[PDB]
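Visitor: So I've got this file, start_29.cif, and it contains mmCIF, N, CA, C and O atoms:
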data_data
#
loop_
_atom_site.label_atom_id
_atom_site.label_comp_id
_atom_site.auth_asym_id
_atom_site.auth_seq_id
_atom_site.Cartn_x
_atom_site.Cartn_y
_atom_site.Cartn_z
N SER A 33 27.35 -15.00 10.38
CA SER A 33 27.60 -14.49 11.72
C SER A 33 26.80 -13.20 11.94
O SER A 33 26.06 -13.10 12.91
N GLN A 34 26.93 -12.27 10.99
CA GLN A 34 26.27 -10.95 11.01
C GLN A 34 26.13 -10.30 12.41
O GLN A 34 25.04 -10.24 13.00
N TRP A 35 27.25 -9.87 12.96
CA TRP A 35 27.30 -9.20 14.20
C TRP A 35 27.41 -7.72 13.93
O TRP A 35 27.98 -7.32 12.91
N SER A 36 26.91 -6.92 14.81
CA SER A 36 27.09 -5.51 14.69
C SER A 36 28.52 -5.17 15.14
O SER A 36 29.10 -5.90 15.97
N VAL A 37 29.09 -4.08 14.62
CA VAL A 37 30.43 -3.70 14.89
C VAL A 37 30.74 -3.58 16.38
O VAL A 37 31.82 -3.97 16.82
N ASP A 38 29.78 -3.11 17.15
CA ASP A 38 29.93 -2.96 18.59
C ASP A 38 30.19 -4.32 19.24
O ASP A 38 31.09 -4.47 20.06
N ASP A 39 29.42 -5.33 18.80
CA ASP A 39 29.54 -6.69 19.34
C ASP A 39 30.88 -7.28 18.96
O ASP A 39 31.50 -8.02 19.74
N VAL A 40 31.33 -6.95 17.76
CA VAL A 40 32.63 -7.40 17.24
C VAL A 40 33.75 -6.86 18.12
O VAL A 40 34.67 -7.60 18.52
N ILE A 41 33.63 -5.57 18.47
CA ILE A 41 34.58 -4.94 19.38
C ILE A 41 34.55 -5.66 20.72
O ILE A 41 35.59 -6.02 21.25
N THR A 42 33.34 -5.94 21.20
CA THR A 42 33.13 -6.65 22.43
C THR A 42 33.85 -8.01 22.42
O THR A 42 34.48 -8.40 23.42
N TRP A 43 33.74 -8.72 21.32
CA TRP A 43 34.42 -9.98 21.16
C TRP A 43 35.92 -9.82 21.30
O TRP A 43 36.54 -10.55 22.06
N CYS A 44 36.48 -8.81 20.64
CA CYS A 44 37.89 -8.58 20.67
C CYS A 44 38.36 -8.29 22.09
O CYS A 44 39.39 -8.80 22.53
N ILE A 45 37.57 -7.52 22.82
CA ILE A 45 37.89 -7.15 24.20
C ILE A 45 37.92 -8.37 25.07
O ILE A 45 38.88 -8.62 25.78
N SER A 46 36.89 -9.16 24.95
CA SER A 46 36.72 -10.34 25.73
C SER A 46 37.75 -11.40 25.37
O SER A 46 38.17 -12.18 26.22
N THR A 47 38.18 -11.43 24.13
CA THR A 47 39.03 -12.51 23.72
C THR A 47 40.54 -12.13 23.81
O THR A 47 41.36 -12.91 24.31
N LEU A 48 40.90 -10.93 23.36
CA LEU A 48 42.27 -10.46 23.42
C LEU A 48 42.61 -9.80 24.74
O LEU A 48 43.79 -9.60 25.04
N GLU A 49 41.57 -9.44 25.52
CA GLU A 49 41.73 -8.77 26.81
C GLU A 49 42.41 -7.40 26.55
O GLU A 49 43.34 -6.97 27.24
N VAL A 50 41.89 -6.72 25.56
CA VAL A 50 42.36 -5.47 25.11
C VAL A 50 41.25 -4.48 25.24
O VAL A 50 40.12 -4.84 25.53
N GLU A 51 41.58 -3.28 25.08
CA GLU A 51 40.64 -2.18 25.15
C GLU A 51 40.18 -1.79 23.76
O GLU A 51 40.78 -2.20 22.76
N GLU A 52 39.12 -1.05 23.68
CA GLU A 52 38.62 -0.52 22.41
C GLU A 52 39.61 0.46 21.77
O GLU A 52 39.63 0.65 20.57
N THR A 53 40.39 1.06 22.60
CA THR A 53 41.46 1.95 22.21
C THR A 53 42.74 1.20 21.79
O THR A 53 43.77 1.82 21.49
N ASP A 54 42.68 -0.13 21.78
CA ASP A 54 43.81 -0.95 21.36
C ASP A 54 43.94 -0.81 19.85
O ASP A 54 42.92 -0.67 19.15
N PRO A 55 45.17 -0.80 19.34
CA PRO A 55 45.43 -0.67 17.91
C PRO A 55 44.65 -1.66 17.04
O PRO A 55 44.27 -1.31 15.92
N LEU A 56 44.36 -2.87 17.57
CA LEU A 56 43.60 -3.87 16.81
C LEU A 56 42.21 -3.29 16.53
O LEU A 56 41.76 -3.25 15.39
N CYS A 57 41.58 -2.78 17.58
CA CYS A 57 40.27 -2.27 17.52
C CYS A 57 40.19 -1.05 16.61
O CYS A 57 39.25 -0.91 15.81
N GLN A 58 41.20 -0.20 16.71
CA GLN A 58 41.30 1.01 15.89
C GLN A 58 41.31 0.67 14.41
O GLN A 58 40.49 1.16 13.63
N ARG A 59 42.21 -0.23 14.02
CA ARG A 59 42.36 -0.60 12.62
C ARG A 59 41.13 -1.33 12.13
O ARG A 59 40.67 -1.11 11.01
N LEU A 60 40.57 -2.16 12.99
CA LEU A 60 39.41 -2.97 12.67
C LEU A 60 38.22 -2.08 12.35
O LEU A 60 37.54 -2.28 11.33
N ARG A 61 37.99 -1.08 13.19
CA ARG A 61 36.88 -0.19 12.96
C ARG A 61 37.17 0.71 11.73
O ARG A 61 36.28 0.95 10.90
N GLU A 62 38.42 1.16 11.62
CA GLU A 62 38.84 2.08 10.56
C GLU A 62 38.69 1.45 9.18
O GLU A 62 38.21 2.08 8.23
N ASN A 63 39.06 0.18 9.08
CA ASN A 63 38.99 -0.56 7.83
C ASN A 63 37.58 -1.03 7.59
O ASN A 63 37.26 -1.60 6.54
N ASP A 64 36.75 -0.76 8.57
CA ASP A 64 35.34 -1.07 8.60
C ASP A 64 35.12 -2.56 8.42
O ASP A 64 34.53 -3.03 7.45
N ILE A 65 35.68 -3.31 9.32
CA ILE A 65 35.59 -4.74 9.28
C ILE A 65 34.59 -5.18 10.33
O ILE A 65 34.55 -4.64 11.43
N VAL A 66 33.77 -6.13 9.98
CA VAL A 66 32.73 -6.62 10.85
C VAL A 66 33.00 -8.09 11.15
O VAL A 66 33.74 -8.73 10.41
N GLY A 67 32.41 -8.60 12.21
CA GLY A 67 32.69 -9.95 12.69
C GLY A 67 32.43 -11.02 11.67
O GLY A 67 33.18 -11.98 11.58
N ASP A 68 31.42 -10.81 10.87
CA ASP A 68 31.05 -11.74 9.81
C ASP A 68 32.17 -11.83 8.78
O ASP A 68 32.45 -12.89 8.22
N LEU A 69 32.82 -10.70 8.57
CA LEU A 69 33.94 -10.56 7.66
C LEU A 69 35.19 -11.22 8.27
O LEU A 69 36.02 -11.74 7.55
N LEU A 70 35.28 -11.23 9.61
CA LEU A 70 36.49 -11.70 10.35
C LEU A 70 37.12 -13.01 9.84
O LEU A 70 38.32 -13.06 9.65
N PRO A 71 36.35 -14.10 9.60
CA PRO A 71 36.92 -15.35 9.07
C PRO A 71 37.64 -15.16 7.72
O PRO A 71 38.57 -15.89 7.40
N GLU A 72 37.19 -14.21 6.94
CA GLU A 72 37.73 -13.91 5.70
C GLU A 72 39.07 -13.18 5.78
O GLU A 72 39.88 -13.27 4.84
N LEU A 73 39.31 -12.47 6.88
CA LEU A 73 40.53 -11.71 6.98
C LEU A 73 41.70 -12.67 7.20
O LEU A 73 41.64 -13.59 8.03
N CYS A 74 42.73 -12.50 6.42
CA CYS A 74 43.86 -13.37 6.43
C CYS A 74 44.87 -12.85 7.44
O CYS A 74 44.66 -11.79 8.05
N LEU A 75 45.97 -13.57 7.64
CA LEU A 75 46.97 -13.19 8.62
C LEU A 75 47.54 -11.81 8.30
O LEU A 75 47.81 -11.03 9.19
N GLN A 76 47.71 -11.52 7.02
CA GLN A 76 48.21 -10.22 6.61
C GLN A 76 47.21 -9.11 6.90
O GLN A 76 47.60 -8.02 7.35
N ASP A 77 45.93 -9.39 6.68
CA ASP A 77 44.86 -8.45 7.06
C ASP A 77 44.94 -8.19 8.52
O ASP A 77 44.74 -7.08 8.97
N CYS A 78 45.27 -9.24 9.23
CA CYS A 78 45.30 -9.22 10.66
C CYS A 78 46.50 -8.43 11.14
O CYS A 78 46.42 -7.72 12.12
N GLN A 79 47.61 -8.57 10.44
CA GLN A 79 48.83 -7.83 10.74
C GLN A 79 48.57 -6.33 10.59
O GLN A 79 49.05 -5.52 11.38
N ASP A 80 47.84 -5.97 9.54
CA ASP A 80 47.41 -4.58 9.37
C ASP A 80 46.47 -4.15 10.49
O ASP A 80 46.58 -3.06 11.05
N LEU A 81 45.60 -5.07 10.81
CA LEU A 81 44.54 -4.91 11.78
C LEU A 81 45.11 -4.64 13.19
O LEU A 81 44.55 -3.89 13.95
N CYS A 82 46.21 -5.27 13.51
CA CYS A 82 46.84 -5.09 14.80
C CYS A 82 47.90 -4.00 14.77
O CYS A 82 48.53 -3.69 15.79
N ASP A 83 48.09 -3.43 13.59
CA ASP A 83 49.13 -2.45 13.32
C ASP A 83 50.51 -2.97 13.61
O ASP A 83 51.22 -2.56 14.54
N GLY A 84 50.75 -4.01 12.93
CA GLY A 84 52.02 -4.65 12.87
C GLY A 84 52.39 -5.51 14.07
O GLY A 84 53.54 -5.93 14.16
N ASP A 85 51.47 -5.81 14.98
CA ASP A 85 51.87 -6.62 16.11
C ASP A 85 51.61 -8.07 15.77
O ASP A 85 50.46 -8.50 15.72
N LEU A 86 52.65 -8.80 15.52
CA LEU A 86 52.51 -10.19 15.09
C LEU A 86 51.87 -11.08 16.10
O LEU A 86 51.04 -11.92 15.76
N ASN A 87 52.26 -10.91 17.32
CA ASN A 87 51.70 -11.68 18.44
C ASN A 87 50.19 -11.49 18.48
O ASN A 87 49.42 -12.47 18.54
N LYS A 88 49.78 -10.24 18.37
CA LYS A 88 48.38 -9.84 18.36
C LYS A 88 47.68 -10.52 17.20
O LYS A 88 46.63 -11.14 17.36
N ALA A 89 48.31 -10.43 16.04
CA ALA A 89 47.75 -10.94 14.80
C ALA A 89 47.55 -12.44 14.80
O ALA A 89 46.47 -12.93 14.41
N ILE A 90 48.55 -13.16 15.23
CA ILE A 90 48.47 -14.61 15.27
C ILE A 90 47.41 -15.07 16.25
O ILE A 90 46.54 -15.89 15.89
N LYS A 91 47.42 -14.50 17.45
CA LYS A 91 46.42 -14.87 18.45
C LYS A 91 45.02 -14.56 18.00
O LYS A 91 44.13 -15.41 18.15
N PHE A 92 44.83 -13.40 17.42
CA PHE A 92 43.53 -12.96 16.96
C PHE A 92 43.00 -13.88 15.86
O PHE A 92 41.83 -14.28 15.89
N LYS A 93 43.87 -14.24 14.92
CA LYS A 93 43.48 -15.14 13.83
C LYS A 93 43.02 -16.51 14.36
O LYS A 93 41.98 -17.04 13.93
N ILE A 94 43.78 -17.06 15.32
CA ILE A 94 43.44 -18.35 15.91
C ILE A 94 42.07 -18.27 16.58
O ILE A 94 41.21 -19.18 16.43
N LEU A 95 41.84 -17.16 17.26
CA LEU A 95 40.58 -16.92 17.92
C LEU A 95 39.44 -16.86 16.93
O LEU A 95 38.38 -17.37 17.20
N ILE A 96 39.69 -16.27 15.77
CA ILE A 96 38.69 -16.23 14.71
C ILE A 96 38.32 -17.61 14.19
O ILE A 96 37.13 -17.88 13.96
N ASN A 97 39.30 -18.47 14.01
CA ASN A 97 38.97 -19.82 13.55
C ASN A 97 38.10 -20.51 14.59
O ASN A 97 37.10 -21.16 14.24
N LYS A 98 38.44 -20.31 15.87
CA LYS A 98 37.62 -20.84 16.98
C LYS A 98 36.23 -20.21 16.97
O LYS A 98 35.23 -20.89 17.13
N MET A 99 36.20 -18.91 16.72
CA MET A 99 34.99 -18.08 16.68
C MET A 99 34.03 -18.61 15.64
O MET A 99 32.82 -18.68 15.87
N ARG A 100 34.56 -19.01 14.52
CA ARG A 100 33.74 -19.50 13.45
C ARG A 100 33.38 -20.97 13.63
O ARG A 100 32.20 -21.32 13.68
N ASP A 101 34.38 -21.82 13.74
CA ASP A 101 34.15 -23.27 13.75
C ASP A 101 33.55 -23.77 15.06
O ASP A 101 32.64 -24.60 15.06
N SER A 102 34.01 -23.23 16.15
CA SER A 102 33.56 -23.65 17.45
C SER A 102 32.61 -22.62 18.05
O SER A 102 31.73 -22.08 17.35
#
How does the structure come out when it is put into structure tokens?
Guide:
Amino acid sequence: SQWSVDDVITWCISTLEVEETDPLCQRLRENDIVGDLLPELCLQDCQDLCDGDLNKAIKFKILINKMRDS
């Protein structure tokens, strides 16, 4: 995939309809996770990534599988 972090943020915005200031984005950038890495992140990574928002985490994970496969 090899996306730049900015593009990864862009994906999250476009897909979750969240802001860059959203906790998902904060944790994602903080943990220094990149889009290419995204398929590798598990639901628990995602739970950390959303800062404990399960709804966020589940939706984001599903989007990642779509992001990769489709």
Visitor: Extract, using only C-alpha atoms, all DNA, RNA and protein residues at most 12 Å from residue 40 (chain A), discarding same-chain residues fewer than 2 positions from it, and format them as JSON, numbers by chain.
Guide: {"A": [33, 34, 35, 36, 37, 38, 42, 43, 44, 45, 46, 47, 48, 52, 56, 57, 60, 61, 64, 65, 66, 67, 68, 69, 70, 96, 99]}
Visitor: What's the separation between CA of residue 84 (chain A) and CA of residue 49 (chain A), in Å to one decimal place?
Guide: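 These two atoms are separated by 17.8 Å.
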Visitor: As an exercise, work out the distance from CA of residue 53 (chain A) to CA of residue 101 (chain A) in Å and give it to one decimal place.
Guide: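 Distance between the two atoms: 27.6 Å.
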Visitor: Suppose you want the space between CA of residue 55 (chain A) and CA of residue 81 (chain A); what is it in Å?
Guide: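 Separation between CA of residue 55 (chain A) and CA of residue 81 (chain A): 7.5 Å.
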Visitor: Excluding residue 74 (chain A) and its own-chain neighbours fewer than 5 positions away, which residues fall within 12 Å of it when counting only C-alpha atoms? Please give them as a PDB file with N, CA, C and O atoms, in the frame of the given file.
Guide:
ATOM      1  N   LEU A  69      32.820 -10.700   8.570  1.00  0.00           N
ATOM      2  CA  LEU A  69      33.940 -10.560   7.660  1.00  0.00           C
ATOM      3  C   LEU A  69      35.190 -11.220   8.270  1.00  0.00           C
ATOM      4  O   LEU A  69      36.020 -11.740   7.550  1.00  0.00           O
ATOM      5  N   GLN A  79      47.610  -8.570  10.440  1.00  0.00           N
ATOM      6  CA  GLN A  79      48.830  -7.830  10.740  1.00  0.00           C
ATOM      7  C   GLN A  79      48.570  -6.330  10.590  1.00  0.00           C
ATOM      8  O   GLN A  79      49.050  -5.520  11.380  1.00  0.00           O
ATOM      9  N   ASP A  80      47.840  -5.970   9.540  1.00  0.00           N
ATOM     10  CA  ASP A  80      47.410  -4.580   9.370  1.00  0.00           C
ATOM     11  C   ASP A  80      46.470  -4.150  10.490  1.00  0.00           C
ATOM     12  O   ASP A  80      46.580  -3.060  11.050  1.00  0.00           O
ATOM     13  N   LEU A  81      45.600  -5.070  10.810  1.00  0.00           N
ATOM     14  CA  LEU A  81      44.540  -4.910  11.780  1.00  0.00           C
ATOM     15  C   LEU A  81      45.110  -4.640  13.190  1.00  0.00           C
ATOM     16  O   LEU A  81      44.550  -3.890  13.950  1.00  0.00           O
ATOM     17  N   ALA A  89      48.310 -10.430  16.040  1.00  0.00           N
ATOM     18  CA  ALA A  89      47.750 -10.940  14.800  1.00  0.00           C
ATOM     19  C   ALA A  89      47.550 -12.440  14.800  1.00  0.00           C
ATOM     20  O   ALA A  89      46.470 -12.930  14.410  1.00  0.00           O
ATOM     21  N   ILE A  90      48.550 -13.160  15.230  1.00  0.00           N
ATOM     22  CA  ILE A  90      48.470 -14.610  15.270  1.00  0.00           C
ATOM     23  C   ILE A  90      47.410 -15.070  16.250  1.00  0.00           C
ATOM     24  O   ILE A  90      46.540 -15.890  15.890  1.00  0.00           O
ATOM     25  N   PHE A  92      44.830 -13.400  17.420  1.00  0.00           N
ATOM     26  CA  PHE A  92      43.530 -12.960  16.960  1.00  0.00           C
ATOM     27  C   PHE A  92      43.000 -13.880  15.860  1.00  0.00           C
ATOM     28  O   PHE A  92      41.830 -14.280  15.890  1.00  0.00           O
ATOM     29  N   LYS A  93      43.870 -14.240  14.920  1.00  0.00           N
ATOM     30  CA  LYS A  93      43.480 -15.140  13.830  1.00  0.00           C
ATOM     31  C   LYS A  93      43.020 -16.510  14.360  1.00  0.00           C
ATOM     32  O   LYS A  93      41.980 -17.040  13.930  1.00  0.00           O
ATOM     33  N   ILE A  94      43.780 -17.060  15.320  1.00  0.00           N
ATOM     34  CA  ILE A  94      43.440 -18.350  15.910  1.00  0.00           C
ATOM     35  C   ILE A  94      42.070 -18.270  16.580  1.00  0.00           C
ATOM     36  O   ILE A  94      41.210 -19.180  16.430  1.00  0.00           O
ATOM     37  N   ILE A  96      39.690 -16.270  15.770  1.00  0.00           N
ATOM     38  CA  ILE A  96      38.690 -16.230  14.710  1.00  0.00           C
ATOM     39  C   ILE A  96      38.320 -17.610  14.190  1.00  0.00           C
ATOM     40  O   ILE A  96      37.130 -17.880  13.960  1.00  0.00           O
ATOM     41  N   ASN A  97      39.300 -18.470  14.010  1.00  0.00           N
ATOM     42  CA  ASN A  97      38.970 -19.820  13.550  1.00  0.00           C
ATOM     43  C   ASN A  97      38.100 -20.510  14.590  1.00  0.00           C
ATOM     44  O   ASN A  97      37.100 -21.160  14.240  1.00  0.00           O
TER      45      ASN A  97
END
Visitor: Measuring between only C-alpha atoms, which one of A:39, A:62, A:72, A:54 shows the shortest distance to residue 88 (chain A)?
Guide: A:54
Visitor: Out of A:87, A:95, A:100, A:78, which residue has the shortest atom-to-atom distance to residue 59 (chain A) when counting only C-alpha atoms?
Guide: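 Closest residue, counting only C-alpha atoms: A:78.
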Visitor: Residues of chain A in alpha helix (DSSP H) according to DSSP, as a VMD selection string?
Guide: chain A and resid 37 to 48 55 to 62 75 to 81 86 to 101
